[PDB]
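Peer 1: Input run-v7.cif, format and content: mmCIF, C-alpha atoms and all ligand atoms.
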data_my_file
loop_
_atom_site.group_PDB
_atom_site.id
_atom_site.type_symbol
_atom_site.label_atom_id
_atom_site.label_comp_id
_atom_site.auth_asym_id
_atom_site.auth_seq_id
_atom_site.Cartn_x
_atom_site.Cartn_y
_atom_site.Cartn_z
ATOM 1 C CA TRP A 1 16.284 19.511 0.019
ATOM 2 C CA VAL A 2 15.941 21.154 3.496
ATOM 3 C CA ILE A 3 15.701 20.338 7.235
ATOM 4 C CA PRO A 4 11.919 20.977 7.774
ATOM 5 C CA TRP B 1 -1.842 35.256 -1.623
ATOM 6 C CA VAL B 2 0.996 36.611 -3.864
ATOM 7 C CA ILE B 3 1.705 37.992 -7.370
ATOM 8 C CA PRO B 4 3.447 34.900 -8.919
ATOM 9 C CA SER C 7 -2.832 38.468 -14.301
ATOM 10 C CA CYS C 8 -3.563 35.562 -11.831
ATOM 11 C CA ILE C 9 -2.924 35.736 -8.041
ATOM 12 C CA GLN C 10 -1.476 32.626 -6.329
ATOM 13 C CA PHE C 11 -2.121 30.934 -2.930
ATOM 14 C CA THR C 12 1.381 29.909 -1.691
ATOM 15 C CA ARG C 13 0.220 27.030 0.601
ATOM 16 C CA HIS C 14 -2.339 25.520 -1.866
ATOM 17 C CA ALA C 15 -0.123 22.677 -3.299
ATOM 18 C CA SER C 16 1.001 21.621 0.244
ATOM 19 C CA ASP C 17 -2.678 21.679 1.481
ATOM 20 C CA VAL C 18 -3.748 19.514 -1.512
ATOM 21 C CA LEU C 19 -0.989 16.957 -0.757
ATOM 22 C CA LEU C 20 -1.869 16.870 2.995
ATOM 23 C CA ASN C 21 -5.512 16.016 2.067
ATOM 24 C CA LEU C 22 -4.373 13.354 -0.472
ATOM 25 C CA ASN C 23 -2.341 11.788 2.385
ATOM 26 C CA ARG C 24 -5.446 11.931 4.690
ATOM 27 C CA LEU C 25 -7.420 10.070 1.936
ATOM 28 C CA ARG C 26 -4.609 7.416 1.819
ATOM 29 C CA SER C 27 -4.668 6.937 5.666
ATOM 30 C CA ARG C 28 -8.506 6.512 5.627
ATOM 31 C CA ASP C 29 -8.279 4.284 2.479
ATOM 32 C CA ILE C 30 -10.693 6.597 0.581
ATOM 33 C CA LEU C 31 -10.753 6.298 -3.251
ATOM 34 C CA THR C 32 -7.529 4.230 -3.352
ATOM 35 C CA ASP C 33 -7.670 2.300 -6.655
ATOM 36 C CA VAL C 34 -4.511 0.141 -6.555
ATOM 37 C CA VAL C 35 -2.572 -2.259 -4.283
ATOM 38 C CA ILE C 36 1.222 -2.339 -4.762
ATOM 39 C CA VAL C 37 2.625 -5.747 -3.750
ATOM 40 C CA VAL C 38 6.253 -5.739 -2.566
ATOM 41 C CA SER C 39 7.165 -9.355 -1.603
ATOM 42 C CA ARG C 40 4.950 -10.296 1.458
ATOM 43 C CA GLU C 41 3.664 -6.703 1.922
ATOM 44 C CA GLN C 42 0.741 -4.709 0.423
ATOM 45 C CA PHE C 43 0.417 -0.917 0.002
ATOM 46 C CA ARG C 44 -2.815 0.799 -1.046
ATOM 47 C CA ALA C 45 -2.441 4.064 -3.022
ATOM 48 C CA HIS C 46 -4.023 6.384 -5.603
ATOM 49 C CA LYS C 47 -2.809 5.692 -9.185
ATOM 50 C CA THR C 48 -2.800 9.492 -9.975
ATOM 51 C CA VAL C 49 -0.407 10.282 -7.062
ATOM 52 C CA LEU C 50 1.909 7.321 -7.978
ATOM 53 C CA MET C 51 2.111 8.548 -11.645
ATOM 54 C CA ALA C 52 2.704 12.153 -10.491
ATOM 55 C CA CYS C 53 5.755 11.050 -8.370
ATOM 56 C CA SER C 54 7.321 8.169 -10.275
ATOM 57 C CA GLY C 55 8.571 7.609 -13.838
ATOM 58 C CA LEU C 56 7.892 3.853 -13.404
ATOM 59 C CA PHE C 57 4.216 4.258 -12.319
ATOM 60 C CA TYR C 58 3.695 6.986 -14.961
ATOM 61 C CA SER C 59 4.795 4.406 -17.624
ATOM 62 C CA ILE C 60 2.675 1.571 -16.049
ATOM 63 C CA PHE C 61 -0.586 3.506 -15.640
ATOM 64 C CA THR C 62 -0.458 5.174 -19.150
ATOM 65 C CA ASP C 63 -0.277 1.648 -20.615
ATOM 66 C CA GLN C 64 -3.681 0.781 -22.218
ATOM 67 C CA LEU C 65 -3.758 -2.688 -20.391
ATOM 68 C CA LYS C 66 -1.962 -2.016 -17.042
ATOM 69 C CA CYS C 67 -4.038 1.182 -16.367
ATOM 70 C CA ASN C 68 -7.035 -1.082 -15.442
ATOM 71 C CA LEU C 69 -5.148 -3.393 -13.022
ATOM 72 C CA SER C 70 -6.159 -3.275 -9.334
ATOM 73 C CA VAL C 71 -2.922 -5.084 -8.265
ATOM 74 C CA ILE C 72 0.708 -4.309 -9.336
ATOM 75 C CA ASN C 73 3.563 -6.629 -8.305
ATOM 76 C CA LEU C 74 7.008 -5.070 -8.040
ATOM 77 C CA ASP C 75 10.341 -6.838 -8.769
ATOM 78 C CA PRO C 76 11.217 -9.349 -5.924
ATOM 79 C CA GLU C 77 14.527 -7.467 -5.369
ATOM 80 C CA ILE C 78 12.556 -4.400 -4.106
ATOM 81 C CA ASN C 79 12.704 -3.957 -0.322
ATOM 82 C CA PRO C 80 9.252 -3.331 1.375
ATOM 83 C CA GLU C 81 10.684 -0.780 3.888
ATOM 84 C CA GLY C 82 12.409 1.125 1.035
ATOM 85 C CA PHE C 83 9.062 1.224 -0.835
ATOM 86 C CA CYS C 84 7.194 2.303 2.328
ATOM 87 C CA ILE C 85 9.643 5.221 2.892
ATOM 88 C CA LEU C 86 9.254 6.315 -0.772
ATOM 89 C CA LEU C 87 5.443 6.002 -0.705
ATOM 90 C CA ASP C 88 5.409 8.196 2.496
ATOM 91 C CA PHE C 89 7.671 10.715 0.619
ATOM 92 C CA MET C 90 5.271 10.768 -2.388
ATOM 93 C CA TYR C 91 2.363 11.760 -0.122
ATOM 94 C CA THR C 92 4.230 14.188 2.242
ATOM 95 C CA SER C 93 7.452 15.607 0.581
ATOM 96 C CA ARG C 94 9.334 14.154 3.653
ATOM 97 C CA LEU C 95 12.039 11.499 3.278
ATOM 98 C CA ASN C 96 13.003 9.318 6.255
ATOM 99 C CA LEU C 97 16.621 8.809 5.068
ATOM 100 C CA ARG C 98 18.819 6.928 7.591
ATOM 101 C CA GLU C 99 22.217 5.144 7.548
ATOM 102 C CA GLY C 100 20.420 1.786 8.000
ATOM 103 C CA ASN C 101 17.997 2.326 5.090
ATOM 104 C CA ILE C 102 19.865 4.597 2.560
ATOM 105 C CA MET C 103 21.041 1.747 0.219
ATOM 106 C CA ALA C 104 17.480 0.261 0.056
ATOM 107 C CA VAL C 105 15.908 3.768 -0.454
ATOM 108 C CA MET C 106 18.367 4.631 -3.298
ATOM 109 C CA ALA C 107 17.855 1.248 -5.106
ATOM 110 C CA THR C 108 14.030 1.591 -4.763
ATOM 111 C CA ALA C 109 14.152 5.255 -5.997
ATOM 112 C CA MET C 110 16.242 4.160 -9.058
ATOM 113 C CA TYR C 111 13.680 1.403 -9.837
ATOM 114 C CA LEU C 112 10.725 3.801 -9.309
ATOM 115 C CA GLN C 113 12.546 6.499 -11.389
ATOM 116 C CA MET C 114 12.373 9.192 -8.663
ATOM 117 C CA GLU C 115 15.379 11.277 -9.821
ATOM 118 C CA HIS C 116 15.397 13.909 -6.994
ATOM 119 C CA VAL C 117 15.485 11.136 -4.302
ATOM 120 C CA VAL C 118 18.268 9.282 -6.249
ATOM 121 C CA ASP C 119 20.245 12.616 -6.304
ATOM 122 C CA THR C 120 20.210 13.188 -2.679
ATOM 123 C CA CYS C 121 20.905 9.536 -1.759
ATOM 124 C CA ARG C 122 24.021 9.842 -4.019
ATOM 125 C CA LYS C 123 25.159 13.067 -2.263
ATOM 126 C CA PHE C 124 24.574 11.581 1.243
ATOM 127 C CA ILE C 125 26.610 8.398 0.358
ATOM 128 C CA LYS C 126 29.457 10.494 -1.214
ATOM 129 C CA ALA C 127 29.724 12.566 2.037
ATOM 130 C CA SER C 128 30.193 9.345 4.125
ATOM 131 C CA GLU C 129 33.030 7.959 1.860
ATOM 132 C CA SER D 7 14.740 13.249 11.440
ATOM 133 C CA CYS D 8 13.242 13.474 7.865
ATOM 134 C CA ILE D 9 14.629 15.736 5.079
ATOM 135 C CA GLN D 10 12.108 17.556 2.836
ATOM 136 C CA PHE D 11 12.014 18.359 -0.930
ATOM 137 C CA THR D 12 10.653 21.960 -1.107
ATOM 138 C CA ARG D 13 9.224 21.724 -4.684
ATOM 139 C CA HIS D 14 7.625 18.231 -4.278
ATOM 140 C CA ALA D 15 3.987 19.364 -3.550
ATOM 141 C CA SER D 16 4.059 21.859 -6.500
ATOM 142 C CA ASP D 17 5.512 19.124 -8.840
ATOM 143 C CA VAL D 18 2.752 16.681 -7.747
ATOM 144 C CA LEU D 19 0.036 19.289 -8.480
ATOM 145 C CA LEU D 20 1.566 20.158 -11.910
ATOM 146 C CA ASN D 21 1.399 16.429 -12.872
ATOM 147 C CA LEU D 22 -2.208 16.123 -11.556
ATOM 148 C CA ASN D 23 -3.078 19.087 -13.837
ATOM 149 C CA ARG D 24 -1.302 17.345 -16.801
ATOM 150 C CA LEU D 25 -3.471 14.222 -16.102
ATOM 151 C CA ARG D 26 -6.609 16.484 -16.146
ATOM 152 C CA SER D 27 -5.605 18.099 -19.525
ATOM 153 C CA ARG D 28 -5.012 14.621 -21.095
ATOM 154 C CA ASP D 29 -8.220 13.263 -19.425
ATOM 155 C CA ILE D 30 -6.231 10.438 -17.737
ATOM 156 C CA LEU D 31 -7.894 8.665 -14.760
ATOM 157 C CA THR D 32 -10.609 11.346 -14.406
ATOM 158 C CA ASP D 33 -13.513 9.613 -12.613
ATOM 159 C CA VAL D 34 -16.218 12.318 -12.487
ATOM 160 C CA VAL D 35 -18.024 14.878 -14.693
ATOM 161 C CA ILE D 36 -19.247 18.049 -12.941
ATOM 162 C CA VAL D 37 -22.281 19.497 -14.761
ATOM 163 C CA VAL D 38 -22.771 23.263 -14.389
ATOM 164 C CA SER D 39 -25.882 24.234 -16.442
ATOM 165 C CA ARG D 40 -25.025 23.541 -20.177
ATOM 166 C CA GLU D 41 -21.313 22.866 -19.438
ATOM 167 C CA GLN D 42 -19.332 19.739 -18.405
ATOM 168 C CA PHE D 43 -16.016 19.546 -16.501
ATOM 169 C CA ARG D 44 -14.037 16.323 -16.074
ATOM 170 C CA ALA D 45 -11.944 16.026 -12.875
ATOM 171 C CA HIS D 46 -10.415 13.642 -10.320
ATOM 172 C CA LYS D 47 -12.665 13.089 -7.252
ATOM 173 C CA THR D 48 -9.563 13.031 -4.920
ATOM 174 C CA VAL D 49 -8.400 16.518 -6.070
ATOM 175 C CA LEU D 50 -11.979 17.960 -5.780
ATOM 176 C CA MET D 51 -12.284 16.607 -2.164
ATOM 177 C CA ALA D 52 -8.791 17.918 -1.291
ATOM 178 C CA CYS D 53 -9.781 21.501 -2.391
ATOM 179 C CA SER D 54 -13.459 21.841 -1.533
ATOM 180 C CA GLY D 55 -15.594 21.337 1.592
ATOM 181 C CA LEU D 56 -18.615 20.643 -0.677
ATOM 182 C CA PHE D 57 -16.907 17.869 -2.738
ATOM 183 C CA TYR D 58 -15.309 16.437 0.438
ATOM 184 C CA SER D 59 -18.878 16.047 1.876
ATOM 185 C CA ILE D 60 -20.285 14.639 -1.447
ATOM 186 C CA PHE D 61 -17.567 12.051 -2.125
ATOM 187 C CA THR D 62 -17.403 10.736 1.530
ATOM 188 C CA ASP D 63 -21.139 9.985 1.232
ATOM 189 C CA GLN D 64 -21.628 6.169 0.905
ATOM 190 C CA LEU D 65 -24.034 6.651 -2.154
ATOM 191 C CA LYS D 66 -22.663 9.789 -3.932
ATOM 192 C CA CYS D 67 -19.023 8.471 -3.832
ATOM 193 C CA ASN D 68 -19.934 6.035 -6.695
ATOM 194 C CA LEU D 69 -21.593 8.620 -9.001
ATOM 195 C CA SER D 70 -19.869 9.359 -12.336
ATOM 196 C CA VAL D 71 -21.924 12.590 -12.819
ATOM 197 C CA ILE D 72 -22.560 15.416 -10.263
ATOM 198 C CA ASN D 73 -24.988 18.251 -11.082
ATOM 199 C CA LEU D 74 -24.384 21.563 -9.340
ATOM 200 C CA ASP D 75 -27.089 24.085 -8.299
ATOM 201 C CA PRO D 76 -28.511 25.941 -11.415
ATOM 202 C CA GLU D 77 -27.476 29.285 -9.816
ATOM 203 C CA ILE D 78 -23.763 28.312 -10.216
ATOM 204 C CA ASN D 79 -22.013 30.154 -13.058
ATOM 205 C CA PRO D 80 -19.940 27.868 -15.439
ATOM 206 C CA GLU D 81 -17.104 30.451 -15.836
ATOM 207 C CA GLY D 82 -16.896 30.871 -12.025
ATOM 208 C CA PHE D 83 -16.636 27.060 -11.684
ATOM 209 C CA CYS D 84 -14.026 26.873 -14.480
ATOM 210 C CA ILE D 85 -11.841 29.528 -12.746
ATOM 211 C CA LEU D 86 -12.113 27.639 -9.410
ATOM 212 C CA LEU D 87 -11.387 24.241 -11.007
ATOM 213 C CA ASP D 88 -8.239 25.792 -12.664
ATOM 214 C CA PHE D 89 -7.263 27.169 -9.181
ATOM 215 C CA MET D 90 -7.705 23.697 -7.584
ATOM 216 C CA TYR D 91 -5.236 22.177 -10.067
ATOM 217 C CA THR D 92 -2.676 25.074 -10.237
ATOM 218 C CA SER D 93 -2.850 27.323 -7.064
ATOM 219 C CA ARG D 94 -3.500 30.256 -9.525
ATOM 220 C CA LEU D 95 -6.707 32.308 -9.399
ATOM 221 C CA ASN D 96 -7.807 34.326 -12.443
ATOM 222 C CA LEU D 97 -9.630 36.994 -10.366
ATOM 223 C CA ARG D 98 -10.946 39.935 -12.453
ATOM 224 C CA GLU D 99 -13.430 42.819 -11.956
ATOM 225 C CA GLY D 100 -15.802 41.163 -14.475
ATOM 226 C CA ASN D 101 -15.767 37.749 -12.749
ATOM 227 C CA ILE D 102 -15.151 38.467 -8.988
ATOM 228 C CA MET D 103 -18.862 38.267 -7.903
ATOM 229 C CA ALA D 104 -19.333 34.903 -9.739
ATOM 230 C CA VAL D 105 -15.983 33.534 -8.348
ATOM 231 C CA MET D 106 -16.893 34.536 -4.736
ATOM 232 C CA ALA D 107 -20.449 33.025 -4.945
ATOM 233 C CA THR D 108 -19.032 29.785 -6.481
ATOM 234 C CA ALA D 109 -16.245 29.621 -3.805
ATOM 235 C CA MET D 110 -18.887 30.051 -1.019
ATOM 236 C CA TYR D 111 -20.979 27.211 -2.547
ATOM 237 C CA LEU D 112 -17.882 24.984 -3.003
ATOM 238 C CA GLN D 113 -16.705 25.892 0.562
ATOM 239 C CA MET D 114 -13.251 27.145 -0.537
ATOM 240 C CA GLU D 115 -12.588 29.473 2.440
ATOM 241 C CA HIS D 116 -9.200 30.938 1.302
ATOM 242 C CA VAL D 117 -10.709 32.002 -2.094
ATOM 243 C CA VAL D 118 -13.798 33.487 -0.299
ATOM 244 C CA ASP D 119 -11.348 35.479 1.951
ATOM 245 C CA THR D 120 -9.494 37.096 -0.772
ATOM 246 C CA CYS D 121 -12.596 37.852 -2.886
ATOM 247 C CA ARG D 122 -13.957 39.657 0.245
ATOM 248 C CA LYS D 123 -10.722 41.693 0.657
ATOM 249 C CA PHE D 124 -10.607 42.612 -3.082
ATOM 250 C CA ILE D 125 -14.301 43.801 -3.020
ATOM 251 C CA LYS D 126 -13.740 45.805 0.242
ATOM 252 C CA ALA D 127 -10.761 47.639 -1.399
ATOM 253 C CA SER D 128 -12.990 48.742 -4.359
ATOM 254 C CA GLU D 129 -15.792 50.170 -2.077
HETATM 255 N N1 LIG E 1 -0.458 13.501 -17.702
HETATM 256 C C1 LIG E 1 0.345 13.268 -16.916
HETATM 257 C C2 LIG E 1 1.347 12.976 -15.990
HETATM 258 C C3 LIG E 1 1.224 12.263 -14.743
HETATM 259 N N2 LIG E 1 2.439 12.034 -14.184
HETATM 260 N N3 LIG E 1 3.343 12.597 -15.067
HETATM 261 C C4 LIG E 1 4.745 12.543 -14.993
HETATM 262 N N4 LIG E 1 5.245 11.745 -13.981
HETATM 263 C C5 LIG E 1 6.633 11.540 -13.755
HETATM 264 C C6 LIG E 1 7.432 11.038 -14.830
HETATM 265 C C7 LIG E 1 8.812 10.873 -14.659
HETATM 266 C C8 LIG E 1 9.345 11.202 -13.407
HETATM 267 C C9 LIG E 1 8.540 11.697 -12.324
HETATM 268 C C10 LIG E 1 7.169 11.879 -12.480
HETATM 269 C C11 LIG E 1 9.417 11.957 -11.142
HETATM 270 C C12 LIG E 1 10.812 11.599 -11.693
HETATM 271 O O1 LIG E 1 11.893 11.656 -11.164
HETATM 272 N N5 LIG E 1 10.683 11.148 -13.019
HETATM 273 C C13 LIG E 1 5.470 13.193 -16.040
HETATM 274 C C14 LIG E 1 4.718 13.790 -17.084
HETATM 275 CL CL1 LIG E 1 5.564 14.579 -18.336
HETATM 276 N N6 LIG E 1 3.391 13.814 -17.205
HETATM 277 C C15 LIG E 1 2.700 13.211 -16.186
HETATM 278 N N1 LIG E 2 -9.430 11.999 4.035
HETATM 279 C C1 LIG E 2 -9.554 13.047 3.586
HETATM 280 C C2 LIG E 2 -9.732 14.331 3.068
HETATM 281 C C3 LIG E 2 -9.879 14.720 1.688
HETATM 282 N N2 LIG E 2 -10.190 16.037 1.576
HETATM 283 N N3 LIG E 2 -10.245 16.495 2.880
HETATM 284 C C4 LIG E 2 -10.627 17.776 3.312
HETATM 285 N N4 LIG E 2 -11.095 18.612 2.316
HETATM 286 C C5 LIG E 2 -11.552 19.936 2.551
HETATM 287 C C6 LIG E 2 -12.602 20.137 3.502
HETATM 288 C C7 LIG E 2 -13.041 21.434 3.797
HETATM 289 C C8 LIG E 2 -12.423 22.488 3.116
HETATM 290 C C9 LIG E 2 -11.375 22.286 2.154
HETATM 291 C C10 LIG E 2 -10.918 21.006 1.856
HETATM 292 C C11 LIG E 2 -10.933 23.612 1.626
HETATM 293 C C12 LIG E 2 -11.815 24.588 2.431
HETATM 294 O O1 LIG E 2 -11.848 25.792 2.422
HETATM 295 N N5 LIG E 2 -12.673 23.852 3.268
HETATM 296 C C13 LIG E 2 -10.618 18.008 4.723
HETATM 297 C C14 LIG E 2 -10.275 16.919 5.564
HETATM 298 CL CL1 LIG E 2 -10.249 17.179 7.248
HETATM 299 N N6 LIG E 2 -9.957 15.682 5.185
HETATM 300 C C15 LIG E 2 -9.943 15.470 3.830
HETATM 301 CL CL CL E 3 11.657 12.451 -6.715
HETATM 302 CL CL CL E 4 -9.438 27.611 -0.949
#
Once more with this new file: its structure as structure tokens, please.
Peer 2:
Amino acid sequence: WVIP
Amino acid sequence: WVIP
Amino acid sequence: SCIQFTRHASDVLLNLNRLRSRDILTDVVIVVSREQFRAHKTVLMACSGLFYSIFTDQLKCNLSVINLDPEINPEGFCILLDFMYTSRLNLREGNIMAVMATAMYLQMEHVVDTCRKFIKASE
Amino acid sequence: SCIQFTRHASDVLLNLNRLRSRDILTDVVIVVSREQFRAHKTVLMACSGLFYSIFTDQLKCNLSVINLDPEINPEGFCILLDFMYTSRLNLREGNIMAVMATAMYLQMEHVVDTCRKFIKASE
């Protein structure tokens, strides 16, 4: 999971 | 396009 | 000896989401209490262990309407349906418990994982 | 304020390809000369300008069989259909002209681009  |  | 187009999978998903917004080739309505959500069976199966089980069933595969358990929260389902079609999860303090319970029911293991990690950080 | 699962789009596409291999929920047969190819209309529209035009048409959207132009090569179509479902293009010296002509007909601009660059490098 990432900060887009 | 890339070499996978 | 194949070559690969990096952005292809993302471009496919963006167009599947455009089809959903325009209601093109949707073949099922998911009923969550008083709310209705139109979707493509193929996308639902591709994202969820629950829908994969439902739509491989020789009888349920032909249903145009699927009713979810009355304990399932419509907002939680809406957030997860948006995730299925975009890879983006609108996870907030006010909705995290509903999102995690819905993801457990839908058998969306990666979403369950992250909900668990976000709750653990707050305790 | 969304979070994003990097591998989600690739995982969706992998499961759509699994559905194609098992012939689950395929709703169209594409006829290319003596050969037949089963696929999902939604994936075809998402990858191709030609299929997007065909399946948004109020009459053609309900067809179970689509016949392509007799000039279209079945191997070229097969390679492009595999690309649609996997992001991988089996581009070879022996098939590049057929792949490029099929990609132009199917309106798959990124494939056309690369076929052009690979031909230019050999001349
Ligand atoms: N054919 C086919 C096919 C279509 N869909 N699909 C799967 N869908 C699925 C099943 C379980 C889970 C998820 C997705 C996300 C998750 O957390 N669990 C799996 C397989 Cl092994 N195959 C297929
Ligand atoms: N709704 C919808 C929807 C479904 N599919 N789709 C598009 N599919 C497409 C159209 C043209 C081209 C390609 C894909 C690859 C290419 O080279 N050209 C576009 C839009 Cl703007 N919208 C949609
Ligand atoms: Cl997931
Ligand atoms: Cl393309």
Peer 1: Between atom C12 of ligand LIG 2 (chain E) and CA of residue 126 (chain D), what is the distance in Å, rounded to a tenth?
Peer 2: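 Distance reported for this atom pair: 21.4 Å.
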Peer 1: Which distance in Å separates CA of residue 52 (chain C) and CA of residue 29 (chain D), to one decimal?
Peer 2: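 Spanning CA of residue 52 (chain C) to CA of residue 29 (chain D) is a straight-line distance of 14.2 Å.
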Peer 1: Please identify all protein, DNA and RNA residues within 12 Å of ligand LIG 1 (chain E), counting only C-alpha atoms and all ligand atoms, and report them as number ranges by chain.
Peer 2: C: 47-62, 86, 89-90, 109-120; D: 13-15, 17-32
Peer 1: How would you write, as a count of residues only, the residues chosen by the PyMOL selection byres (((chain C and resi 71) around 6) and not hetatm) on this structure?
Peer 2: 5
Peer 1: If the PyMOL selection byres ((chain C) within 7 of (chain B)) is run on the structure shown, which residues does it catch, given as an MDAnalysis selection string?
Peer 2: chainID C and resid 9:12
Peer 1: Please return the centre and edge lengths, in Å to one decimal, of a box with edges along x, y and z that contains all listed atoms of ligand LIG 2 (chain E), widened by 6 Å on every side, as lines of an AutoDock Vina configuration file.
Peer 2:
center_x = -11.2
center_y = 18.9
center_z = 4.4
size_x = 15.6
size_y = 25.8
size_z = 17.7
Peer 1: So which one's closest to chain C, D:99, D:129, D:41, D:77? Using all atoms listed in the file, please.
Peer 2: D:99
Peer 1: Have a look at C:94, C:46, C:40, C:66 and name the one nearest to chain D; count all atoms listed in the file.
Peer 2: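 Selected residue with least distance to chain D: C:94.
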Peer 1: Grab the atom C11 of ligand LIG 2 (chain E) to CA of residue 16 (chain C) distance for me, in Å with one decimal place.
Peer 2: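 Pair atom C11 of ligand LIG 2 (chain E) / CA of residue 16 (chain C) returns 12.2 Å.
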Peer 1: Calculated over all atoms listed in the file, which of the candidates C:105, C:74, C:45, C:65 has the smallest distance to ligand CL 3 (chain E)?
Peer 2: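 Of C:105, C:74, C:45, C:65, the one nearest ligand CL 3 (chain E) is C:105, counting all atoms listed in the file.
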Peer 1: Residue 101 (chain C): which residues within 10 Å, counting all atoms listed in the file, same-chain residues fewer than 6 positions away excluded, as an MDAnalysis selection string?
Peer 2: chainID C and resid 79 81:82 85
Peer 1: Since the input lacks some atoms of chain A, please model N, CA and C atoms and print them as an mmCIF file, in the frame of the given file.
Peer 2:
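This is the output file part-v7.cif:
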data_model
loop_
_atom_site.group_PDB
_atom_site.id
_atom_site.type_symbol
_atom_site.label_atom_id
_atom_site.label_comp_id
_atom_site.auth_asym_id
_atom_site.auth_seq_id
_atom_site.Cartn_x
_atom_site.Cartn_y
_atom_site.Cartn_z
ATOM 1 N N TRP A 1 16.597 20.204 -1.229
ATOM 2 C CA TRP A 1 16.284 19.511 0.019
ATOM 3 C C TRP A 1 16.629 20.372 1.238
ATOM 4 N N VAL A 2 15.775 20.343 2.274
ATOM 5 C CA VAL A 2 15.941 21.154 3.496
ATOM 6 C C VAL A 2 15.650 20.317 4.760
ATOM 7 N N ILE A 3 16.051 20.850 5.915
ATOM 8 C CA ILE A 3 15.701 20.338 7.235
ATOM 9 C C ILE A 3 14.349 21.033 7.510
ATOM 10 N N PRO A 4 13.216 20.300 7.546
ATOM 11 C CA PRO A 4 11.919 20.977 7.774
ATOM 12 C C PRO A 4 11.765 21.521 9.190
#
